[PDB]
2 protein chains.
Amino acid sequence: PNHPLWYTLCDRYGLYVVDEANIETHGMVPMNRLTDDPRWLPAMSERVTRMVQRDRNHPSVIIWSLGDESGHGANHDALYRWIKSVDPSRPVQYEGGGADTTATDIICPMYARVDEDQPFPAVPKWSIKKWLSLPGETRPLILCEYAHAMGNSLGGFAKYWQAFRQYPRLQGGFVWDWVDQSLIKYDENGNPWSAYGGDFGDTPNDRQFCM
Amino acid sequence: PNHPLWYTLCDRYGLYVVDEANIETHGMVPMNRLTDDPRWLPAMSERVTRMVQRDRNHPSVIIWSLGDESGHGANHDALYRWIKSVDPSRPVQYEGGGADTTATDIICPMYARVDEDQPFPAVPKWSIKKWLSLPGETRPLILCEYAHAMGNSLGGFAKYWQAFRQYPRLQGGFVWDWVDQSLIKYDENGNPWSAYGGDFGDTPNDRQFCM
Ligand code: NA
Ligand code: NA
Ligand code: NA
Ligand code: NA
Ligand code: NA
């Protein structure tokens, strides 16, 4: 959840906002080790419930998100239902555990290519066009992230938007992402320059990947 | 309905068959002018009911069809229900009225393209990959007619099969069609040549379209 003024600026200038819980367990092996652990549900539930209690009155918040990159566990199921029960006025989404779990109302993958399937075990990232019509599937698709704008990039962007426009149940996505996370450093002649990972003596680091 | 032997052979040689009532009113304006008329319900009925009575016992008949190019009228609906009621063992498909009406278990377009939409007024021909994912659509897709094999033809046949194989609910189709409907005539030398429409002083005709 963002600094509180953000939602007010969003209400007033007019942007649709996904308000996202402060839960990310990307580093766990497997990604759900904590989110499937009932000992961790209290700590998780606070982070989800307290966002709603704070943010439920902002018109700009149209979708509640259960967190990010934390696999899929019974805790996610539990909190989804809490949100549905507490705030029926908003769909809940979550990318974790396959992007189409019992825990999301929107098929919201990250980096699911337009035409090409990527048949990863357990968590396949289908081609968005194919994903919609998987047997027994009905929900809409909006990529919670797509088109990694890292360095010289965004090549193949027009292909998403052509598909967005043709398929009525494809309803867009959120680009990864807005701003470069470079931090100003200064040199010997007192001159600024943009620095990434490991430029602070920090290690292990994932270098230019913050940008 | 075919010569009775056709089914005996399809039983013994192993082919899945679509048995299809003898009803096409293609040339009516609009196409359903009779199939919607309750006074044609008796004559239509017999063509559907007397097929089911004759052919119900053949294992090669896996799907009943209500006819061809006769729009969509209340009679189709009446008769679709009759079969569904008398033979639950086989699904009913019908293409009239935009290929996805209430009188078909199978979305069965004719000449629907893989990727390109043909948004005809009232009866559009969506791309087959798009058709399946349309809001609230659940049914399988199997084109009753595709890849028109007239003359040097069948360009882009590969595009259709990569599609079927990629999309689980794209379950193939029936090519149009098996055999050139040409007839033998004889010249001054008693030598045999292939004739099409027009070649019998028959007029009006649709020329080589019979092939
Ligand atoms: Na769309
Ligand atoms: Na990054
Ligand atoms: Na298939
Ligand atoms: Na003519
Ligand atoms: Na023809």
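What you see of chain A is 394-604, where the numbers are those given in Swiss-Prot.
Here the Cβ of each residue, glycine as well, is placed from N, Cα and C on the backbone.
Taken from Swiss-Prot, the feature active site, proton donor applies to A:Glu462. Annotated active site, nucleophile per Swiss-Prot: A:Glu538, in sequence order. If you look up Swiss-Prot, you'll see A:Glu417, A:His419, A:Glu462 marked as Mg(2+) 1 binding site. The feature Mg(2+) 2 binding site is assigned by Swiss-Prot to A:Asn598, with experimental evidence given as support.
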**Message:** Spatially, which candidate from the recorded positions A:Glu417, A:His419, A:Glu462, A:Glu538 is nearest to A:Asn598 (Mg(2+) 2 binding site), comparing Cα atoms?
**Reply:** A:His419
**Complete:** Note: in the chain of A:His419 (Mg(2+) 1 binding site), residues six or more apart in sequence with C-beta under 8 angstroms of its C-beta are A:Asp461, A:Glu462, A:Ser463
**Cβ-based neighbourhood (8 Å from the centroid) of the Mg(2+) 1 site, residues A:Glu417, A:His419, A:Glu462 excluded** = A:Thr418, A:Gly420, A:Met424, A:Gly460, A:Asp461, A:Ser463
**Asked** In sequence order, which residues at least six apart in the same chain have a CB under 8 Å from the CB of A:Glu538 (active site, nucleophile)?
**Response** A:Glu488, A:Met503, A:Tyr504, A:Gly566, A:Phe567, A:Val568, A:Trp569, A:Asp570
**Asked** Are there residues of the same chain, six or more positions away from A:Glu417 (Mg(2+) 1 binding site), whose CB falls under 8 angstroms from its CB, and which are they?
**Response** A:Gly460, A:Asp461, A:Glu462, A:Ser463
**Prompt:** Other than its own, how many Cβ atoms are within 10 Å of the Cβ belonging to A:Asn598 (Mg(2+) 2 binding site)?
**Reply:** 14
**Message:** Going by DSSP, is A:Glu417 (Mg(2+) 1 binding site) sitting in a helix, a strand, or coil?
**Reply:** strand
